[PDB]
file protein07.cif (mmCIF, C-alpha atoms and all ligand atoms)
data_query
loop_
_atom_site.group_PDB
_atom_site.id
_atom_site.type_symbol
_atom_site.label_atom_id
_atom_site.label_comp_id
_atom_site.auth_asym_id
_atom_site.auth_seq_id
_atom_site.Cartn_x
_atom_site.Cartn_y
_atom_site.Cartn_z
ATOM 1 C CA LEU B 1 4.945 17.598 -1.776
ATOM 2 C CA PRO B 2 8.520 17.142 -0.368
ATOM 3 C CA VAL B 3 9.758 18.175 3.131
ATOM 4 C CA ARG B 4 12.118 20.739 1.432
ATOM 5 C CA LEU B 5 9.104 22.657 0.024
ATOM 6 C CA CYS B 6 7.375 23.128 3.444
ATOM 7 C CA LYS B 7 9.849 25.891 4.541
ATOM 8 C CA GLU B 8 10.395 27.468 1.030
ATOM 9 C CA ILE B 9 6.630 27.961 0.446
ATOM 10 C CA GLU B 10 6.624 30.513 3.404
ATOM 11 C CA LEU B 11 8.952 32.922 1.561
ATOM 12 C CA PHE B 12 7.540 35.723 -0.671
ATOM 13 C CA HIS B 13 10.012 35.006 -3.551
ATOM 14 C CA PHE B 14 8.919 31.281 -3.781
ATOM 15 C CA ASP B 15 8.309 30.241 -7.422
ATOM 16 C CA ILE B 16 5.665 27.499 -7.929
ATOM 17 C CA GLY B 17 6.854 27.158 -11.611
ATOM 18 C CA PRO B 18 8.961 23.945 -11.256
ATOM 19 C CA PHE B 19 6.160 21.995 -9.366
ATOM 20 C CA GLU B 20 3.189 21.820 -11.732
ATOM 21 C CA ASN B 21 1.791 18.364 -10.645
ATOM 22 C CA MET B 22 1.888 19.548 -6.994
ATOM 23 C CA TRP B 23 -0.053 22.857 -7.565
ATOM 24 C CA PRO B 24 -3.519 21.550 -6.311
ATOM 25 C CA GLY B 25 -1.792 20.031 -3.254
ATOM 26 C CA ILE B 26 0.204 23.241 -2.617
ATOM 27 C CA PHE B 27 -3.088 25.232 -2.526
ATOM 28 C CA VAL B 28 -4.627 22.704 -0.028
ATOM 29 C CA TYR B 29 -1.496 22.982 2.150
ATOM 30 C CA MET B 30 -1.689 26.844 2.116
ATOM 31 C CA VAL B 31 -5.392 26.689 3.120
ATOM 32 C CA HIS B 32 -4.553 24.223 5.975
ATOM 33 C CA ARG B 33 -1.615 26.299 7.253
ATOM 34 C CA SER B 34 -3.925 29.478 7.113
ATOM 35 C CA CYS B 35 -7.278 28.414 8.604
ATOM 36 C CA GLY B 36 -6.755 24.779 9.767
ATOM 37 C CA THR B 37 -7.382 21.234 8.413
ATOM 38 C CA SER B 38 -11.117 21.506 9.316
ATOM 39 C CA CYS B 39 -11.468 24.900 7.464
ATOM 40 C CA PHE B 40 -13.208 23.193 4.510
ATOM 41 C CA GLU B 41 -14.396 19.586 3.976
ATOM 42 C CA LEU B 42 -11.424 18.076 2.017
ATOM 43 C CA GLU B 43 -13.767 16.357 -0.537
ATOM 44 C CA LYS B 44 -15.581 19.615 -1.427
ATOM 45 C CA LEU B 45 -12.242 21.569 -1.436
ATOM 46 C CA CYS B 46 -10.642 19.137 -3.974
ATOM 47 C CA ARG B 47 -13.801 19.171 -6.166
ATOM 48 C CA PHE B 48 -13.713 23.016 -6.092
ATOM 49 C CA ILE B 49 -9.916 23.169 -6.868
ATOM 50 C CA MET B 50 -10.206 20.756 -9.813
ATOM 51 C CA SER B 51 -13.224 22.631 -11.289
ATOM 52 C CA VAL B 52 -11.397 26.010 -10.901
ATOM 53 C CA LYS B 53 -8.346 24.562 -12.811
ATOM 54 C CA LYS B 54 -10.565 23.307 -15.732
ATOM 55 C CA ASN B 55 -12.196 26.730 -15.956
ATOM 56 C CA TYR B 56 -8.822 28.460 -16.633
ATOM 57 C CA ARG B 57 -8.103 28.439 -20.399
ATOM 58 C CA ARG B 58 -4.878 27.418 -22.284
ATOM 59 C CA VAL B 59 -3.809 31.063 -22.896
ATOM 60 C CA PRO B 60 -0.144 32.168 -22.603
ATOM 61 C CA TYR B 61 -0.555 34.092 -19.328
ATOM 62 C CA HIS B 62 -3.999 34.321 -17.615
ATOM 63 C CA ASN B 63 -3.990 30.596 -16.937
ATOM 64 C CA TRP B 64 -3.983 28.089 -14.057
ATOM 65 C CA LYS B 65 -0.285 28.796 -13.237
ATOM 66 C CA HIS B 66 -1.003 32.530 -12.721
ATOM 67 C CA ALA B 67 -3.933 31.675 -10.360
ATOM 68 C CA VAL B 68 -1.751 29.548 -8.023
ATOM 69 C CA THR B 69 1.133 32.073 -8.123
ATOM 70 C CA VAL B 70 -1.303 34.843 -6.995
ATOM 71 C CA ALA B 71 -2.767 32.515 -4.271
ATOM 72 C CA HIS B 72 0.762 31.746 -3.046
ATOM 73 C CA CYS B 73 1.625 35.476 -2.703
ATOM 74 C CA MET B 74 -1.585 36.010 -0.645
ATOM 75 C CA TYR B 75 -0.542 33.072 1.606
ATOM 76 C CA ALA B 76 2.909 34.671 2.189
ATOM 77 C CA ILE B 77 1.251 38.045 3.076
ATOM 78 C CA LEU B 78 -1.261 36.360 5.442
ATOM 79 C CA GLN B 79 1.537 34.281 7.114
ATOM 80 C CA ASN B 80 3.559 37.426 7.795
ATOM 81 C CA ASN B 81 0.435 39.403 9.013
ATOM 82 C CA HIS B 82 -1.380 36.675 11.117
ATOM 83 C CA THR B 83 -3.547 38.300 13.842
ATOM 84 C CA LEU B 84 -4.629 41.096 11.433
ATOM 85 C CA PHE B 85 -7.282 39.114 9.501
ATOM 86 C CA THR B 86 -10.309 37.148 10.534
ATOM 87 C CA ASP B 87 -10.862 33.448 9.721
ATOM 88 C CA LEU B 88 -13.461 34.563 7.096
ATOM 89 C CA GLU B 89 -10.989 36.966 5.367
ATOM 90 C CA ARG B 90 -8.212 34.297 5.405
ATOM 91 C CA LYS B 91 -10.597 31.783 3.735
ATOM 92 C CA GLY B 92 -12.071 34.377 1.394
ATOM 93 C CA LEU B 93 -8.811 35.910 0.143
ATOM 94 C CA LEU B 94 -7.145 32.590 -0.720
ATOM 95 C CA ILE B 95 -10.270 31.557 -2.705
ATOM 96 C CA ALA B 96 -10.567 35.019 -4.358
ATOM 97 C CA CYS B 97 -6.901 34.761 -5.461
ATOM 98 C CA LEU B 98 -7.301 31.298 -7.006
ATOM 99 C CA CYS B 99 -10.464 32.456 -8.838
ATOM 100 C CA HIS B 100 -9.492 36.142 -9.677
ATOM 101 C CA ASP B 101 -8.876 35.431 -13.449
ATOM 102 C CA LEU B 102 -11.376 32.510 -13.951
ATOM 103 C CA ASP B 103 -12.265 31.916 -17.636
ATOM 104 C CA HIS B 104 -9.901 34.672 -18.950
ATOM 105 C CA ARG B 105 -9.882 34.504 -22.756
ATOM 106 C CA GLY B 106 -6.554 36.268 -23.454
ATOM 107 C CA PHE B 107 -8.288 39.632 -24.162
ATOM 108 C CA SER B 108 -8.022 42.886 -22.196
ATOM 109 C CA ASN B 109 -10.914 45.104 -20.980
ATOM 110 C CA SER B 110 -9.677 47.635 -23.666
ATOM 111 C CA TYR B 111 -10.280 45.120 -26.545
ATOM 112 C CA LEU B 112 -13.719 44.044 -25.241
ATOM 113 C CA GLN B 113 -14.909 47.636 -24.818
ATOM 114 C CA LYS B 114 -13.377 48.751 -28.202
ATOM 115 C CA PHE B 115 -14.829 45.849 -30.238
ATOM 116 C CA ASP B 116 -18.177 46.121 -28.326
ATOM 117 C CA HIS B 117 -17.989 42.406 -27.134
ATOM 118 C CA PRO B 118 -21.182 41.222 -25.288
ATOM 119 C CA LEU B 119 -19.199 40.986 -21.989
ATOM 120 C CA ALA B 120 -18.622 44.811 -22.233
ATOM 121 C CA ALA B 121 -22.359 45.437 -22.842
ATOM 122 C CA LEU B 122 -22.999 43.349 -19.662
ATOM 123 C CA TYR B 123 -20.153 44.974 -17.647
ATOM 124 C CA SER B 124 -19.173 48.514 -18.777
ATOM 125 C CA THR B 125 -16.347 48.956 -16.202
ATOM 126 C CA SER B 126 -14.129 46.170 -14.712
ATOM 127 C CA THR B 127 -15.600 43.959 -17.509
ATOM 128 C CA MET B 128 -13.480 40.776 -17.107
ATOM 129 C CA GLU B 129 -13.334 41.236 -13.270
ATOM 130 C CA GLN B 130 -17.170 41.176 -13.028
ATOM 131 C CA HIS B 131 -17.022 38.031 -15.228
ATOM 132 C CA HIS B 132 -14.366 36.320 -13.011
ATOM 133 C CA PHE B 133 -16.594 36.789 -9.902
ATOM 134 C CA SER B 134 -19.712 35.605 -11.802
ATOM 135 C CA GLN B 135 -17.712 32.438 -12.759
ATOM 136 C CA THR B 136 -16.597 31.928 -9.119
ATOM 137 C CA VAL B 137 -20.302 32.083 -7.947
ATOM 138 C CA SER B 138 -21.291 29.622 -10.752
ATOM 139 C CA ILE B 139 -18.591 27.135 -9.621
ATOM 140 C CA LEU B 140 -19.760 27.444 -5.943
ATOM 141 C CA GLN B 141 -23.408 26.885 -7.127
ATOM 142 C CA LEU B 142 -22.416 23.479 -8.697
ATOM 143 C CA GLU B 143 -23.355 20.276 -6.742
ATOM 144 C CA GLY B 144 -20.711 19.211 -4.185
ATOM 145 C CA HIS B 145 -18.666 22.435 -4.777
ATOM 146 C CA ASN B 146 -20.050 24.676 -1.968
ATOM 147 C CA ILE B 147 -17.008 24.923 0.357
ATOM 148 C CA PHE B 148 -18.866 27.632 2.377
ATOM 149 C CA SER B 149 -21.974 25.335 3.032
ATOM 150 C CA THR B 150 -21.105 25.018 6.770
ATOM 151 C CA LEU B 151 -21.234 28.846 7.152
ATOM 152 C CA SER B 152 -24.419 30.647 8.278
ATOM 153 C CA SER B 153 -26.407 32.661 5.660
ATOM 154 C CA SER B 154 -24.845 35.795 7.280
ATOM 155 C CA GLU B 155 -21.215 34.431 7.078
ATOM 156 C CA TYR B 156 -21.872 33.215 3.484
ATOM 157 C CA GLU B 157 -22.920 36.756 2.364
ATOM 158 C CA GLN B 158 -19.893 38.320 4.155
ATOM 159 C CA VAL B 159 -17.343 35.940 2.487
ATOM 160 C CA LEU B 160 -18.978 36.415 -0.992
ATOM 161 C CA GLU B 161 -18.661 40.183 -0.458
ATOM 162 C CA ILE B 162 -14.993 39.733 0.582
ATOM 163 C CA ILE B 163 -14.396 37.653 -2.619
ATOM 164 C CA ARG B 164 -16.346 40.123 -4.865
ATOM 165 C CA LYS B 165 -14.528 43.274 -3.714
ATOM 166 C CA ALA B 166 -11.167 41.351 -3.851
ATOM 167 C CA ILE B 167 -11.745 40.118 -7.467
ATOM 168 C CA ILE B 168 -12.976 43.553 -8.672
ATOM 169 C CA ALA B 169 -9.908 45.213 -6.994
ATOM 170 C CA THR B 170 -7.651 43.240 -9.464
ATOM 171 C CA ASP B 171 -8.860 45.681 -12.232
ATOM 172 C CA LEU B 172 -5.663 47.820 -12.568
ATOM 173 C CA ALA B 173 -7.810 50.845 -13.628
ATOM 174 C CA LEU B 174 -9.155 50.899 -9.988
ATOM 175 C CA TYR B 175 -5.720 50.437 -8.429
ATOM 176 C CA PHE B 176 -4.469 54.014 -9.164
ATOM 177 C CA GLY B 177 -7.219 55.704 -7.106
ATOM 178 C CA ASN B 178 -7.141 53.015 -4.381
ATOM 179 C CA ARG B 179 -3.386 53.414 -3.797
ATOM 180 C CA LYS B 180 -3.617 57.306 -3.802
ATOM 181 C CA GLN B 181 -6.433 57.076 -1.146
ATOM 182 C CA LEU B 182 -4.401 54.621 1.017
ATOM 183 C CA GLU B 183 -1.267 56.810 0.827
ATOM 184 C CA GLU B 184 -3.414 59.826 1.944
ATOM 185 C CA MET B 185 -4.957 57.854 4.912
ATOM 186 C CA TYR B 186 -1.502 56.532 5.912
ATOM 187 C CA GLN B 187 0.313 59.926 5.663
ATOM 188 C CA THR B 188 -2.432 61.825 7.606
ATOM 189 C CA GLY B 189 -2.494 59.051 10.269
ATOM 190 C CA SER B 190 -6.207 58.440 9.636
ATOM 191 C CA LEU B 191 -5.762 54.777 8.437
ATOM 192 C CA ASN B 192 -7.766 52.476 10.719
ATOM 193 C CA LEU B 193 -7.996 48.712 10.028
ATOM 194 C CA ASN B 194 -11.088 48.491 12.378
ATOM 195 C CA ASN B 195 -12.836 50.831 9.823
ATOM 196 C CA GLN B 196 -14.457 48.532 7.116
ATOM 197 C CA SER B 197 -13.916 50.991 4.198
ATOM 198 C CA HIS B 198 -10.182 51.305 5.108
ATOM 199 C CA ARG B 199 -9.995 47.473 5.492
ATOM 200 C CA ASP B 200 -11.527 46.954 1.994
ATOM 201 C CA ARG B 201 -8.976 49.360 0.456
ATOM 202 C CA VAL B 202 -6.040 47.487 2.231
ATOM 203 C CA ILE B 203 -7.409 44.148 0.951
ATOM 204 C CA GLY B 204 -7.693 45.713 -2.569
ATOM 205 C CA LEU B 205 -4.031 46.771 -2.490
ATOM 206 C CA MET B 206 -3.121 43.224 -1.227
ATOM 207 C CA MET B 207 -4.972 41.863 -4.301
ATOM 208 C CA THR B 208 -2.984 44.119 -6.732
ATOM 209 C CA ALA B 209 0.258 43.186 -4.914
ATOM 210 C CA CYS B 210 -0.546 39.449 -5.404
ATOM 211 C CA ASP B 211 -1.747 39.830 -8.992
ATOM 212 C CA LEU B 212 1.535 41.543 -10.028
ATOM 213 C CA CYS B 213 3.854 39.389 -7.782
ATOM 214 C CA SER B 214 5.827 38.032 -10.849
ATOM 215 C CA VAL B 215 7.765 41.371 -10.535
ATOM 216 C CA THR B 216 8.785 40.252 -6.960
ATOM 217 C CA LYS B 217 10.443 36.942 -7.927
ATOM 218 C CA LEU B 218 14.162 36.342 -8.635
ATOM 219 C CA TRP B 219 15.139 37.989 -11.961
ATOM 220 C CA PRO B 220 15.243 34.700 -14.048
ATOM 221 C CA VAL B 221 11.636 33.920 -12.980
ATOM 222 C CA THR B 222 10.336 37.527 -13.433
ATOM 223 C CA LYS B 223 11.796 37.607 -17.013
ATOM 224 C CA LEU B 224 10.242 34.279 -18.144
ATOM 225 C CA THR B 225 6.854 35.408 -16.778
ATOM 226 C CA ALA B 226 7.163 38.785 -18.689
ATOM 227 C CA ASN B 227 7.661 36.595 -21.889
ATOM 228 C CA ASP B 228 4.256 34.928 -21.238
ATOM 229 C CA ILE B 229 2.647 38.346 -20.488
ATOM 230 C CA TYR B 230 3.836 39.740 -23.862
ATOM 231 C CA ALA B 231 2.966 36.529 -25.783
ATOM 232 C CA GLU B 232 -0.698 36.997 -24.674
ATOM 233 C CA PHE B 233 -0.610 40.774 -25.432
ATOM 234 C CA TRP B 234 0.897 40.126 -28.870
ATOM 235 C CA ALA B 235 -1.854 37.604 -29.732
ATOM 236 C CA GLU B 236 -4.491 40.312 -28.915
ATOM 237 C CA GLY B 237 -2.501 42.781 -31.048
ATOM 238 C CA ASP B 238 -2.519 40.261 -33.978
ATOM 239 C CA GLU B 239 -6.341 40.002 -33.734
ATOM 240 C CA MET B 240 -6.665 43.820 -33.714
ATOM 241 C CA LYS B 241 -4.519 44.090 -36.886
ATOM 242 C CA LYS B 242 -6.859 41.522 -38.581
ATOM 243 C CA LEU B 243 -9.807 43.847 -37.743
ATOM 244 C CA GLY B 244 -7.966 46.779 -39.394
ATOM 245 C CA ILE B 245 -6.887 48.343 -36.065
ATOM 246 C CA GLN B 246 -3.197 49.130 -35.268
ATOM 247 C CA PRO B 247 -2.617 47.974 -31.618
ATOM 248 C CA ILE B 248 -0.778 50.047 -28.943
ATOM 249 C CA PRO B 249 3.081 49.354 -29.143
ATOM 250 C CA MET B 250 2.989 47.041 -26.038
ATOM 251 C CA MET B 251 0.573 44.675 -27.937
ATOM 252 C CA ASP B 252 2.520 44.873 -31.240
ATOM 253 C CA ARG B 253 4.934 41.916 -31.735
ATOM 254 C CA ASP B 254 6.861 44.085 -34.310
ATOM 255 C CA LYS B 255 7.700 46.607 -31.495
ATOM 256 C CA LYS B 256 9.631 44.148 -29.189
ATOM 257 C CA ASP B 257 12.503 46.574 -28.624
ATOM 258 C CA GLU B 258 10.137 48.852 -26.659
ATOM 259 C CA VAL B 259 9.487 46.092 -24.014
ATOM 260 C CA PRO B 260 12.299 46.984 -21.535
ATOM 261 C CA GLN B 261 11.216 50.678 -21.675
ATOM 262 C CA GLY B 262 7.551 49.574 -21.233
ATOM 263 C CA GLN B 263 8.548 47.446 -18.193
ATOM 264 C CA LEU B 264 10.440 50.471 -16.741
ATOM 265 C CA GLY B 265 7.288 52.549 -17.160
ATOM 266 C CA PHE B 266 5.162 49.750 -15.622
ATOM 267 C CA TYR B 267 7.425 49.417 -12.539
ATOM 268 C CA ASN B 268 7.695 53.191 -11.983
ATOM 269 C CA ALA B 269 3.975 53.929 -12.495
ATOM 270 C CA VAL B 270 2.364 50.727 -11.114
ATOM 271 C CA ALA B 271 4.504 48.103 -9.278
ATOM 272 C CA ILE B 272 6.933 50.301 -7.171
ATOM 273 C CA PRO B 273 4.152 52.582 -5.774
ATOM 274 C CA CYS B 274 1.995 49.445 -5.095
ATOM 275 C CA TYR B 275 4.656 47.664 -2.953
ATOM 276 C CA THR B 276 5.868 50.992 -1.394
ATOM 277 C CA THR B 277 2.335 51.678 -0.069
ATOM 278 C CA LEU B 278 1.804 48.012 0.948
ATOM 279 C CA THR B 279 5.138 48.062 2.932
ATOM 280 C CA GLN B 280 4.020 51.271 4.775
ATOM 281 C CA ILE B 281 0.668 49.699 5.864
ATOM 282 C CA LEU B 282 2.041 46.127 6.382
ATOM 283 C CA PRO B 283 5.789 46.367 7.339
ATOM 284 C CA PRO B 284 6.414 42.528 7.027
ATOM 285 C CA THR B 285 5.669 42.777 3.229
ATOM 286 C CA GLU B 286 8.977 44.774 2.763
ATOM 287 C CA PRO B 287 10.710 41.791 0.941
ATOM 288 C CA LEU B 288 8.178 42.292 -1.937
ATOM 289 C CA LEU B 289 9.295 45.944 -2.410
ATOM 290 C CA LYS B 290 13.006 44.994 -2.148
ATOM 291 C CA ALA B 291 12.504 42.293 -4.824
ATOM 292 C CA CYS B 292 10.533 44.734 -7.050
ATOM 293 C CA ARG B 293 13.409 47.330 -6.825
ATOM 294 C CA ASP B 294 15.942 44.587 -7.731
ATOM 295 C CA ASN B 295 13.913 43.711 -10.902
ATOM 296 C CA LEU B 296 13.565 47.440 -11.804
ATOM 297 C CA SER B 297 17.410 47.622 -11.603
ATOM 298 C CA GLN B 298 17.626 44.518 -13.912
ATOM 299 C CA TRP B 299 15.253 46.233 -16.438
ATOM 300 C CA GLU B 300 17.473 49.402 -16.361
ATOM 301 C CA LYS B 301 20.509 47.127 -17.097
ATOM 302 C CA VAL B 302 18.682 45.567 -20.132
ATOM 303 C CA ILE B 303 17.967 49.161 -21.459
ATOM 304 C CA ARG B 304 21.693 50.110 -20.917
ATOM 305 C CA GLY B 305 22.797 46.934 -22.781
ATOM 306 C CA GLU B 306 23.935 44.761 -19.823
ATOM 307 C CA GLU B 307 21.247 42.058 -20.486
HETATM 308 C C1 LIG C 401 -2.624 42.004 -17.736
HETATM 309 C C2 LIG C 401 -1.382 41.799 -16.869
HETATM 310 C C3 LIG C 401 -1.270 42.876 -15.785
HETATM 311 N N1 LIG C 401 0.070 42.610 -15.238
HETATM 312 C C4 LIG C 401 1.202 43.084 -15.809
HETATM 313 N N2 LIG C 401 1.183 43.884 -16.920
HETATM 314 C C5 LIG C 401 2.327 44.335 -17.492
HETATM 315 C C6 LIG C 401 2.217 45.222 -18.708
HETATM 316 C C7 LIG C 401 3.172 44.996 -19.886
HETATM 317 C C8 LIG C 401 3.308 46.253 -19.023
HETATM 318 N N3 LIG C 401 3.528 44.014 -16.966
HETATM 319 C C9 LIG C 401 3.516 43.202 -15.902
HETATM 320 CL CL1 LIG C 401 5.110 42.871 -15.353
HETATM 321 C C10 LIG C 401 2.415 42.680 -15.220
HETATM 322 C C11 LIG C 401 2.522 41.790 -13.989
HETATM 323 MG MG MG C 402 -7.388 39.892 -14.035
HETATM 324 ZN ZN ZN C 403 -4.491 38.265 -12.563
#
call {"tool": "encode", "arguments": {"input": "protein07.cif", "output": "C-alpha cells", "more": "lines below"}}
Ligand SMILES: CCCNc1nc(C2CC2)nc(Cl)c1C
Ligand SMILES: [Mg+2]
Ligand SMILES: [Zn+2]
result
Amino acid sequence: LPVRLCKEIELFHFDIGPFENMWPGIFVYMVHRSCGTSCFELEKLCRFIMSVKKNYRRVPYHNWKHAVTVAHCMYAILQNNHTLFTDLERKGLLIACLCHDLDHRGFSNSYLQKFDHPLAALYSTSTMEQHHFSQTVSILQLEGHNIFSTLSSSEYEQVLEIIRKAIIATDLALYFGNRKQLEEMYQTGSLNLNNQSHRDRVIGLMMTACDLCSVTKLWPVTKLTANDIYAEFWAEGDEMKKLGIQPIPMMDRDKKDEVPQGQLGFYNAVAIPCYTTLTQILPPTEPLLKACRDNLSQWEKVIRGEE
C-alpha cells in the first residue's frame, strides 16, 4: 500500500477499484486505524480475510470487490463519527460489512422465494441475509479463524448480535420501515443513541448506506458499478425466461433502455432518503448525500440525452 493511499482512504468517495491486489491489506489497515494494531491477532485476522474472500463467488456484482467497497464506506463513517461507537461496535461493523454478502449466488430473495429454493424454505424473510450471517458464523467456527477468541463469552455474544442485526439490516425490504422509524424519532426529537433499540436502527441505516455506497462515488465509478449490478440482474432474468417466467423489466436484458429511468426511481425511492436521514442523524456523513445528489443529476442528464 503506497503513502499516497493513506490519506485518500479516509475520504467517503474513495474507490478501491484500481487496487485489487491491495484489498486484503487495505481491510487490515482500516481495522488498525479503527480499533488499534492489537485489536485482532494478525495471523487469525489474515486467515479470516483470506477465507472470507474465497467464500465470495465469481458473480458479476455480489463478489469480493463489493464486500471491500462496503467495508471501506463503514470505515469512512466510523472515522468521521469516532467517539460515538464502542470498540466492540467498531470491530463488529467492519467484520459485518466484509461478510454481509458471503456466498451470494447471483440470485435475489424474489427468485429464491418464487422458485421455492431450499434457502427460502429455511429462511422465509431476509433469505440470503440469514444465509450470509450463517456463513460468517461457519467461517468463525473454523480452526484458527476465531478473531473474537480473546473476548469474554459475554463480549462474544454481544459482537455476534451486532454482526447479525447489521447483516440482516442489509435486506432492502427492511430498510423502508427502518428509515421511516428513524425519521420519526429524529423529527420528534426522541432519537437517543444511549437507547439500544434506537442504536440498532442507526447501525441498520449505516449498513444500507454502506451497501449502496456505489451511488456515492464519482460518476465514472458509479456508472461502471451499475453495469455490474445489471449484468447480475440480467443473468437472473435469463434463468427465469428458461423456466417459462417473464422477468420484471429491470432483470430483462432486452429492456436496457429502461435502466436510466429505473436508476432515477431507485435514487428517489431508496438512495436519496437513505443518505438524507443518515446526514440528519450523523452530520459528518453529508458528503455521501452530496455525492448521491450529483449522481441523481447525472442519471437525469442520461434520460434527457446528455450522456
Ligand atoms: C441487489 C443490489 C441492491 N443495490 C442496488 N440496486 C439497484 C437496483 C437496479 C435498481 N441499483 C443500485 Cl444503484 C444498487 C446499489
Ligand atoms: Mg446483500
Ligand atoms: Zn451488499
call {"tool": "residues_near_ligand", "arguments": {"input": "protein07.cif", "ligand": "ligand LIG 401 (chain C)", "cutoff": "6 Å", "atoms": "all atoms listed in the file", "output": "list in words"}}
result
residues 212, 214, 215, 226, 262, 263 and 266 of chain B
call {"tool": "residues_around", "arguments": {"input": "protein07.cif", "residues": "residue 217 (chain B)", "least_positions_apart": "2", "cutoff": "9 Å", "atoms": "all atoms listed in the file", "output": "number ranges by chain"}}
result
B: 12-15, 213-215, 219-222, 288, 291-292, 295
call {"tool": "residues_around", "arguments": {"input": "protein07.cif", "residues": "region 80-96 of chain B", "least_positions_apart": "6", "cutoff": "10 Å", "atoms": "only C-alpha atoms", "output": "JSON, numbers by chain"}}
result
{"B": [10, 11, 12, 27, 30, 31, 32, 34, 35, 36, 39, 40, 48, 49, 52, 67, 68, 70, 71, 72, 73, 74, 102, 132, 133, 136, 147, 148, 151, 155, 156, 158, 159, 160, 161, 162, 163, 164, 165, 166, 167, 168, 193, 194, 199, 203, 206, 207, 282, 283, 284, 285]}
call {"tool": "axis_aligned_box", "arguments": {"input": "protein07.cif", "around": "region 285-289 of chain B", "padding_each_side": "8 Å", "output": "AutoDock Vina command-line options"}}
result
--center_x 8.2 --center_y 43.9 --center_z 0.4 --size_x 21.0 --size_y 20.2 --size_z 21.6
call {"tool": "atom_distance", "arguments": {"input": "protein07.cif", "atom1": "CA of residue 268 (chain B)", "atom2": "CA of residue 130 (chain B)"}}
result
27.6 Å
call {"tool": "atom_distance", "arguments": {"input": "protein07.cif", "atom1": "CA of residue 231 (chain B)", "atom2": "CA of residue 61 (chain B)"}}
result
7.7 Å
call {"tool": "residues_around", "arguments": {"input": "protein07.cif", "residues": "residue 114 (chain B)", "least_positions_apart": "2", "cutoff": "12 Å", "atoms": "only C-alpha atoms", "output": "list in words"}}
result
residues 107, 108, 109, 110, 111, 112, 116, 117, 118, 119, 120, 121, 124, 127, 240, 243, 245 and 247 of chain B
call {"tool": "resolve_selection", "arguments": {"input": "protein07.cif", "expression": "the PyMOL selection byres (((not hetatm)) within 7 of (chain C and resi 402))", "output": "list in words"}}
result
residues 100, 101, 128, 129, 170 and 171 of chain B
call {"tool": "atom_distance", "arguments": {"input": "protein07.cif", "atom1": "CA of residue 137 (chain B)", "atom2": "CA of residue 79 (chain B)"}}
result
26.6 Å
call {"tool": "resolve_selection", "arguments": {"input": "protein07.cif", "expression": "the PyMOL selection byres (((chain B and resi 201) around 9) and not hetatm)", "output": "PyMOL selection string"}}
result
chain B and resi 169+178-179+181-182+196-200+202-206
call {"tool": "residues_near_point", "arguments": {"input": "protein07.cif", "point": "(3.7, 52.0, 3.0)", "cutoff": "10 Å", "atoms": "all atoms listed in the file", "output": "JSON, numbers by chain"}}
result
{"B": [179, 182, 183, 186, 187, 273, 274, 275, 276, 277, 278, 279, 280, 281, 282, 283, 285, 286, 289]}
call {"tool": "residues_around", "arguments": {"input": "protein07.cif", "residues": "residue 144 (chain B)", "least_positions_apart": "6", "cutoff": "9 Å", "atoms": "all atoms listed in the file", "output": "list in words"}}
result
residues 43, 44, 47 and 48 of chain B
call {"tool": "closest_residue", "arguments": {"input": "protein07.cif", "among": "B:299, B:69, B:195, B:21", "to": "residue 258 (chain B)", "atoms": "only C-alpha atoms"}}
result
B:299
call {"tool": "closest_residue", "arguments": {"input": "protein07.cif", "among": "B:211, B:103, B:138, B:64", "to": "residue 17 (chain B)", "atoms": "only C-alpha atoms"}}
result
B:64
call {"tool": "closest_residue", "arguments": {"input": "protein07.cif", "among": "B:76, B:269, B:97, B:218", "to": "ligand ZN 403 (chain C)", "atoms": "all atoms listed in the file"}}
result
B:97
call {"tool": "closest_residue", "arguments": {"input": "protein07.cif", "among": "B:113, B:51, B:154, B:208", "to": "ligand ZN 403 (chain C)", "atoms": "all atoms listed in the file"}}
result
B:208
call {"tool": "residues_around", "arguments": {"input": "protein07.cif", "residues": "residue 303 (chain B)", "least_positions_apart": "5", "cutoff": "9 Å", "atoms": "only C-alpha atoms", "output": "tab-separated table (two decimals) with C-alpha atoms, keeping the file's coordinate frame"}}
result
chain	number	residue	atom	x	y	z
B	260	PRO	CA	12.30	46.98	-21.54
B	261	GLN	CA	11.22	50.68	-21.68
B	264	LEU	CA	10.44	50.47	-16.74
B	298	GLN	CA	17.63	44.52	-13.91
call {"tool": "resolve_selection", "arguments": {"input": "protein07.cif", "expression": "the PyMOL selection byres (((chain B and resi 59) around 8) and not hetatm)", "output": "PyMOL selection string"}}
result
chain B and resi 57-58+60-63+105-106+232
call {"tool": "write_last_selection", "arguments": {"input": "protein07.cif", "atoms": "C-alpha atoms", "output": "PDB file, in the coordinates of the input"}}
result
ATOM      1  CA  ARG B  57      -8.103  28.439 -20.399  1.00  0.00           C
ATOM      2  CA  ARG B  58      -4.878  27.418 -22.284  1.00  0.00           C
ATOM      3  CA  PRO B  60      -0.144  32.168 -22.603  1.00  0.00           C
ATOM      4  CA  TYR B  61      -0.555  34.092 -19.328  1.00  0.00           C
ATOM      5  CA  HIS B  62      -3.999  34.321 -17.615  1.00  0.00           C
ATOM      6  CA  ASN B  63      -3.990  30.596 -16.937  1.00  0.00           C
ATOM      7  CA  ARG B 105      -9.882  34.504 -22.756  1.00  0.00           C
ATOM      8  CA  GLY B 106      -6.554  36.268 -23.454  1.00  0.00           C
ATOM      9  CA  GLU B 232      -0.698  36.997 -24.674  1.00  0.00           C
TER      10      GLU B 232
END
call {"tool": "closest_residue", "arguments": {"input": "protein07.cif", "among": "B:253, B:20, B:25, B:244", "to": "residue 6 (chain B)", "atoms": "only C-alpha atoms"}}
result
B:25
call {"tool": "closest_residue", "arguments": {"input": "protein07.cif", "among": "B:53, B:256, B:65, B:223", "to": "ligand ZN 403 (chain C)", "atoms": "only C-alpha atoms and all ligand atoms"}}
result
B:65
call {"tool": "decode", "arguments": {"input": "protein07.cif", "residues": "region 13-24 of chain B", "atoms": "C-alpha atoms", "output": "mmCIF file, in the first residue's frame"}}
result
data_model
loop_
_atom_site.group_PDB
_atom_site.id
_atom_site.type_symbol
_atom_site.label_atom_id
_atom_site.label_comp_id
_atom_site.auth_asym_id
_atom_site.auth_seq_id
_atom_site.Cartn_x
_atom_site.Cartn_y
_atom_site.Cartn_z
ATOM 1 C CA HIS B 13 -15.705 8.931 -2.331
ATOM 2 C CA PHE B 14 -12.527 6.690 -2.310
ATOM 3 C CA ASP B 15 -12.767 3.928 -4.962
ATOM 4 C CA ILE B 16 -10.909 0.672 -4.116
ATOM 5 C CA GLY B 17 -11.439 -0.479 -7.789
ATOM 6 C CA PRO B 18 -7.903 0.247 -9.152
ATOM 7 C CA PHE B 19 -6.104 -1.587 -6.216
ATOM 8 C CA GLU B 20 -7.259 -5.207 -6.342
ATOM 9 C CA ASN B 21 -4.004 -6.895 -5.062
ATOM 10 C CA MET B 22 -4.002 -4.476 -2.080
ATOM 11 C CA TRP B 23 -7.658 -5.154 -0.976
ATOM 12 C CA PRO B 24 -6.784 -7.621 1.928
#
